[PDB]
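S.K.: before I ask anything, here's the sequence and the deposited coordinates:
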Amino acid sequence: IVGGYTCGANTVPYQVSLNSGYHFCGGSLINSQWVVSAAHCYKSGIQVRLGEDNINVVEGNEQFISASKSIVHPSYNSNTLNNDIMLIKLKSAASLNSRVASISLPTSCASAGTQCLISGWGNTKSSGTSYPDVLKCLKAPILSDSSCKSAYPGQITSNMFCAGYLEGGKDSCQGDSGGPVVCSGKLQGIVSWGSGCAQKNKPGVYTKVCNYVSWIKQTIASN
Ligand SMILES: [Ca+2]
């Protein structure tokens, strides 16, 4: 997250870190056994880390649970990043509490102008490189479909939306991939892609989660 703030320990209790010897992506806990992330975060050997603030220090609220299975969306295209969504099942159910909690799926899509919370352990620099170890947060509005498409000619599908600031300065970044965009207590987006970070007229692009609720529910119901 570039131009954000330190969230505070366990203030984003649905935020997970995906770890394969190191943090490589964010995710969102949606029930005791399932995490939603980006399809471009897919790999084998995933451990899901819940209750994290400092990802380099065991602070006492963590739960480390290995993934038993991953399910990339059937229509995911890695070239265009269309349908950039994946489900990860935990080998055991997480113990839910005030600091490890599921985030509700949307019942309807959120509109341009809706204020949301984007969070992650990604790069905090738009030019250089600096990885924070504590969770960073950004309050950002959803942008209009028209402004999103104008920012990225030929690249915005019906399964994507832009959020952030056309002036730049505040954005998601490398390492935030797969993490949450939460608006009015609902998971509306997944950190998916952008062109650099916090650049003028290049806001972050997010997977439009409301399009996938039926797939998420049906997949969970049979796996
Ligand atoms: Ca920790």
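M.R.: Ah, there it is. Residues are numbered from 1 along each chain as shown.
S.K.: ok, the residue positioned nearest the centre of the chain - contacts?
M.R.: With distances taken as C-alpha atoms, centre = their mean, residue 179 lies nearest the centre of the chain, 1.6 Å away. Residues in contact with residue 179 (C-beta atoms under 8 Å, 6 or more residues apart in numbering) are 15, 25-28, 37, 118-120, 122, 172, 190-191. Just so you know, the C-beta spots here come from the backbone N, C-alpha and C atoms, and that holds for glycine as well.
S.K.: possible to save these as TSV with neighbour count?
M.R.: Converted to TSV, those look like this (neighbours: other C-beta atoms under 10 Å):
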residue	neighbour count
15	29
25	26
26	29
27	31
28	25
37	29
118	28
119	25
120	30
122	25
172	34
190	27
191	32
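S.K.: turn these into JSON lines, including distance to the ion and secondary structure.
M.R.: Listed next are the contacts of residue 179 as JSON lines, based on distance: C-beta to the ion, whole Å; DSSP: H, G, I helix; E, B strand; the rest coil:
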{"residue": "15", "distance to the ion": "12", "secondary structure": "strand"}
{"residue": "25", "distance to the ion": "16", "secondary structure": "strand"}
{"residue": "26", "distance to the ion": "14", "secondary structure": "strand"}
{"residue": "27", "distance to the ion": "15", "secondary structure": "strand"}
{"residue": "28", "distance to the ion": "18", "secondary structure": "strand"}
{"residue": "37", "distance to the ion": "19", "secondary structure": "strand"}
{"residue": "118", "distance to the ion": "20", "secondary structure": "strand"}
{"residue": "119", "distance to the ion": "15", "secondary structure": "strand"}
{"residue": "120", "distance to the ion": "15", "secondary structure": "strand"}
{"residue": "122", "distance to the ion": "16", "secondary structure": "coil"}
{"residue": "172", "distance to the ion": "21", "secondary structure": "coil"}
{"residue": "190", "distance to the ion": "22", "secondary structure": "strand"}
{"residue": "191", "distance to the ion": "20", "secondary structure": "strand"}
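S.K.: how far is the helix or strand encompassing residue 189 from where the chain is centred?
M.R.: If you go by DSSP states H and E, residue 189 is part of strand 186-193. Computed by C-alpha atoms, centre = their mean, to the nearest Å, the chain-centroid distance of strand 186-193 equals 5 Å.
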